[PDB]
């Protein structure tokens, strides 16, 4: 019995024969007593119980800068349609039909007097879109450190004037302090609404956070440049209404609803379950600041408020990494009149792009990219030199830093303020600052200091507030260091070359969370008044940049950079041409989707719990998470120099890079086999391109197989400890077709699997031979199983070989031939191995076998019916029933007689 | 017909069988396939199970298995058990010819090189085309046009230098021509002297090398190809043995899985421009050329040239050139490669793989067959029917990425969406090292010798390099001949004549030399390179003076590994012989699961025309219905040597000894003392890298130590001892004698915003461009490279590293160790460092001293053979072998020691990969055991003496040795003095002529050569040393004079090892030095205790 989603509302159970159960198709949205406006997001099976995540396109949330219930649903227009998670049990005397068991509703988070200050001035970047361009991401360079501290015109005095600004020995006065928000991708407050238009060039087009300016004239200009269906020209903007709608942004005729509503609807996107708790987190296509923790024992008439991610102090590995992330949010001591930002209110990373959520062994695994969040100035006037500018900067480890992952991520380069920029090293260039600590080109001159790019004297007048980006990128500065951090090109020059990790850009977050702390998360959600922090211990962060192969011109990465790479065509985001094959129009922002934990099916040493590893897809590779089941914690090794063993990134090949990552539909784990499957449905693509051209390739589907690789934990006594991170491996499995609308794939059994697809509005079945991870077509069997005559199971072709094979019985005279006259009916019945001699069978596939079961019919005769192995690995016979309903195949029962009275 | 007659003859005079032994080693039965009467296949059930009763045995159908008539005569060479099905075995059968291949008559088994009658004296350049191309006086006006006006586009930086050239290509609409085909501009032509000087098999390979049997003929003639029959065996049963299925290893089922790009090997994804460049330079074109690899082509050398490359070329109109057309010379699997590819079976699940062998079945002196891919037979319905197929190693190894190996990085093991890289293995074997499947042996990297290209007028003075590229010199090591290298290998011939006189040092094409390299400053790049923005129909040859030494050349233009697969845009060629050890953990489940037939597509095909080629992306989405990409991820991991990188590797190379005499290559254990050959530590004088190039931001970036002093090595250049740190711009390059290169000129200056002009060339330069020059601080100047280091390790283990020689041992031509060699004066000609023709990365004098070519190191009396850097006149030199005839394919059984370690015999060494499966930090991960038998070490054909290796019950692997089994050379030179005598290590090392060496500041500039074409006749006493027999005679090892054990049959065992063996954690790591220097100190402190570092003499015991 395989439960497959028929459509946005219907779910049906399919037999291993790839045929639906009669009257099993059920409208779950109506079953849950939810209006037609609702639809199901994701479903999980846990202890033979089906859970569902319900989100409604009618939901409408509002944010109020003042008051107590600042975030609340919009019941004025009957828009109060909160999401629901519902537990379903197959309650009946065998036969798939579902019923209510418990219905948990998810309410909007409560905001403390301290979260409210931050949210009032918080602005969220418009979500990344499938047709987003690099130059669209790019933002014009902001004021440099010299401009912001010493001011314009006061040049050639950096050395003398840097001491009193606690920037002693700072080597890069030209270091960028961020990007100006006066243009670029549209930023909006939680109470505002993003536009449907995207600026092609984010250094010249778009009005950024200036909502009044955008609405006044720039919105009209964008409409003129880009209409909604082509009659447009698109010289400056792209109309991405279709691609905004597809990835889960609700619309009012043509304008998206407010940002708070968009964030809520995006946060109610994924589901993981546990015997004690149920956790709901957002999808990967836009940052989700809050996630719900649901107590399965909660009363049905209660509310399940979520937890603010800002209240979840994740463990970023080393405390240096944690504080590196926490120091970029904003200025700590603002105190202007109300200027508050996440750092000032003592809060951690507020936004993540959660790749996926899953559970195993009562443990919940979460993974996602750190969503960028950084302070911005809102002084608007004399005016601060940093007016209108975001306060962000790359934090790549300096070239000087001692090798070893621990030393690299603990290096203080950029701990407090910008130091990177452009530099010249012998015959090449290194955008990363060569030095750190107290090292220079002529010996030691004292520690290198850095500080937040805000002038000290105007500390009482600089209004600094937080912001949330739509991608892992933190500093959107159109500059070389930014592009190198995004594309993972920074390499130290020493003999043991290594990649310098940008501790605060393209940061990948993963970990395992246990009930002992999910309870604290629930307590935080319930926290009245002031917010209460949550500590997640078994988590870590690894810098996982986009592959450099996805950008034209950047052929390969090494410490020695080719001189042409200094050219502005590769230095800047705006000039960086993208060759991204994974369906994304950009190649500077990473993205992950489809976390799915799994248990190791292979044996393990006695006394050691079976291993379980989790894989999460990412642009250009597969990241595997390794865990120590002996403690239900991330796997780690004692040697700090080695990279955190709990993380291992395996790059893709062309076949996987070509698989659009924005069409992720479902991921299934074959527990007995030990391989994942990432099925992608092209139908999820939006209707029209960014230039409003209809999408010409919306039909098709493809699946990627992920199989374990390397050496796993606790295999043998010499493997109880590991120093190499178990690494996954992805392959283009072999099930892909561009001309079919897929319905679902069936993990039929170890050696085979089936896929349901439609090509002419009529359901069709084709089965695939699973060759230990890979799939290939086997037409001969496909047509046989397809011959069901409208029945629940394929019929036996008595005159031709079919899925059931062909069975020929021996003549009753064989009883005389083998001298079976003396044997009794009971004696023969007691010997199935002797019953074997009464029939010869020709199986239709390898390992397929048949056997006979017989019953007495008279003192000298008995009735025999055949049992046959099927593709799924189950024997099928006359008494065969799937979820109660009999198969009624009609196998050739036989009767034999001639036994003695002994 | 001849081979059929030979097989018929051998069917009578030879007998072979596979006899089974009990657990006690007592023979039970024979299984003589040529004498088994009335053999019968196993009676099967309906489910495919073979009916079997333990005591009655296997049921017999009474009728002979399939193809019995044409399979009865073949010989067994391998038997492999299944892991799952009981009592099921496979045995690998080959014809008797493949055993008697070498003994066949020479006229049908020929050598790619010919000694000839030598009626006109030996001269290695006779078979080499050397004459250079000359400007076409009828095609001058089609040279690439300089940009009319550089588009400022707010690019305020302005350069007075010459503007970039335009390379415009656009499809247009013409059927067979392009509106613009700028890459095809062809202003050069071959010199016309006694006919046009170009590669053409008809007038060169009159007695062309050809295989015994074309691949199609192997497939058709069932009796000549390998075949594996699955038979069931039971010793204690009545019907003890019976056969199952018989399946021929069809070579066509292998060729059909070649990537389509291999249908046209003469070409490559670059296409017209590189094809033209190579053709004019006399380097053979393509990525796998029969001019360099004649084994794999049915017609052999008869197709060995660039003619008919599968794309239109040589058209009178350049716009026409560059269209796909009929091809006639695809890669195939002829007899020799095929039977190199049959061996070392492994059984996995229901399928059995043949990974091929080391190729010695058909490995002659000057030809190197190898295993090009993996044959697979898959069995269905419980070993009832079967399907036979094979895949090439290229599509299997595409997934190699540096993060995998713990050894050397940036190696030439990568490929791309066109599988123009053709890895092949001399397979040691495949075996389960514990739970991890291991493939091991030796592997051929992408070519790294020919990556640099000569200038179109400098082919008469770089004969060694031009031969290496030509395929006459089948040598893989990189020859240090940097004077004539073009500034950039990948500059189309349309930009070679933009500066004919050379006075301007044409920015787009000039004699490669780093000393005039441009800065990397923002103003410099903005003015020179970035300004000329390139479009889909326009690419520029930038004025930026690109130029660097061998390391930079390879880093830019070799198929080096990258953190992503299929990402190697620049594949030049494939090594001749396996130049790198290789052991890879293969993916057992994936290999079991991959489909039999592969399906490539338009993505793998070459660009149909230049219009599509121009914007040809490196990565394209595979066609939906193709499955070629699935094969890419077979290799889980890989390694090539010890887990060391950078100069640490060369430091270890110094540590390993030379089997020829046993002395270390370093000569460390004792003022004019001998110097180490590979490493530079304690060689030359320390110099500060902070005074090199920009002289900025380098006090702590390259060297963690407070003092970043680097040992410049041998052949360094300095103003004076007082200024050893960094050399100022006094390497001025004059084109004619006309004055220095003249920096500060308007041509060599850039005007940034505002016009504040400044010079574009560095003030101070690194203090060495010697062949042993290492510079972590200047990749443009450094010469030591990981691709060189791997080949150096392999060939140092083999013991056949060539040496440059000026003076043989003849009277009045003697090189004196004393009073003529001064190690303390390496800067001057007294140091005898050639600096031209030497093997890159090593020091000729140190190498010779190790060999003992001068001094009593190897011989009781000084051979007086050495290299002298004469200053009073011109000097000529030639490279000669080491005197040993080990060859890189000499690899034995793959013997598994335990759950984590494995090894195999390699030449005279036994090498065990201690730390490959489960590496441990700080351990070099290799244990080496040398052979002690001098007769074997110095033999003419030593590998014929190795009679297999195995794991002994005591737990130490051992290797058989029969010093009476050596096969002498085919004849005693008939009856006349044959100056060229072929031997497995013999190579036509071309002569090198070099101008007089300066008494002072010898190596400030690159050592200029002169036309050496006519120098052959003046160096007979040196050419005579090309043959290995003469070198042995000089050293005293020429004949039984080596003495020692007369017969001395016995067995050799690897050194005993413990947990602490291979531990160099003390020698690694860094507190007060650089890693290479501290490792040098560590090894030096342990010269008398090489055992604990994993180096020792293999214990040997005599057996009658």
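Protein chains in written order, with full-length UniProt numbering: chain A, 27 to 255, 261 to 412, 417 to 937; chain B, 113 to 782, 789 to 1222.
From the three backbone atoms N, C-alpha and C, an ideal C-beta is built for every residue, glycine too.
| Check | Outcome |
| --- | --- |
| Extent of the continuous beta strand (DSSP E) run through residue 575 of chain A | 574–578 |
| DSSP-derived helix/strand/coil call for residue 457 of chain B | strand |
| 8 angstroms Cβ cutoff, residue 760 of chain A in contact with chain B | no |
| Residue-chain proximity (residue 659 of chain A, chain B), Cβ-Cβ < 8 angstroms | no |
| Rounded C-alpha distance that separates residue 466 of chain B from residue 909 of chain A | 36 angstroms |
| Identified DSSP bridge partners for residue 268 of chain A | A:225 |
| Contact set between residue 595 of chain A and chain B, taken where Cβ atoms lie within less than 7 angstroms | 667 and 897 |
| Partners in chain A for residue 817 of chain B, counting only beta-carbon separations shorter than 8 angstroms | 474, 475, 476, 477 and 478 |
| Presumed contact (8 angstroms Cβ cut-off) between residue 1051 of chain B and residue 1167 of chain B, rounded CB distance | Actually they do not touch by this definition, with Cβ atoms about 10 angstroms apart. |
| DSSP-derived helix/strand/coil call for residue 1094 of chain B | coil |
| Among B:601, B:582 and B:469, nearest to residue 551 of chain B - alpha-carbon criterion | B:469 |
| Cα-Cα separation between residue 537 of chain A and residue 734 of chain B, rounded to whole angstroms | 33 angstroms |
| Where residue 394 of chain A falls: helix, strand or coil (DSSP) | strand |
| Short Cβ contact (8 angstroms threshold) for residue 301 of chain A with residue 697 of chain A | no |
| Beta bridge counterpart(s) of residue 558 of chain B as assigned by DSSP | B:686 |
| Whole alpha helix (DSSP H) elements within the region 230–278 of chain B, 4-residue minimum | none |
| Positions along the region 214–238 of chain B whose CB lies within less than 9 angstroms of some CB in chain A | none |
| Contact list for residue 998 of chain B against chain A, beta-carbon separation under 8 angstroms | In chain order: nothing, as chain A lies at least about 34 angstroms away. |
| Residue 129 of chain B - DSSP class collapsed to helix/strand/coil | coil |
| Listed by chain order, chain A residues near residue 748 of chain B by CB distance under 9 angstroms | 744, 745, 762 and 764 |
| Amino acids of chain A, ordered along the chain, whose beta-carbon sits closer than 7 angstroms to that of residue 707 of chain B | 811 |
| Inter-stretch contact at 8 angstroms, needing at least 3 Cβ pairs: the region 1022–1031 of chain B / the region 897–916 of chain B | yes |
| Bridge partners - residue 765 of chain A, DSSP secondary structure assignment | A:741 |
| Buried versus exposed, by CB contacts within 10 Å (16 or more), residue 196 of chain B | exposed |
| DSSP three-state assignment for residue 911 of chain A, whether helix, strand or coil | strand |
| C-beta atoms of residue 256 of chain A and residue 212 of chain A nearer than 8 angstroms | Between 255 and 261, chain A has no modelled residues, which means residue 256 of chain A does not appear in the coordinates. |
| Interfacial residues, the region 822–842 of chain B to chain A, with Cβ spacing under 9 angstroms | 822 and 824 |
| Test: residue 1016 of chain B CB closer than 8 angstroms to a CB of chain A | no |
| Start-to-end residues for the alpha helix (DSSP H) that takes in residue 255 of chain A | Premise fails: residue 255 of chain A is in no alpha helix (DSSP H) and is neither H nor E. |
| Within chain B, the residues that residue 592 of chain A reaches when beta carbons sit closer than 8 angstroms | 674 and 675 |
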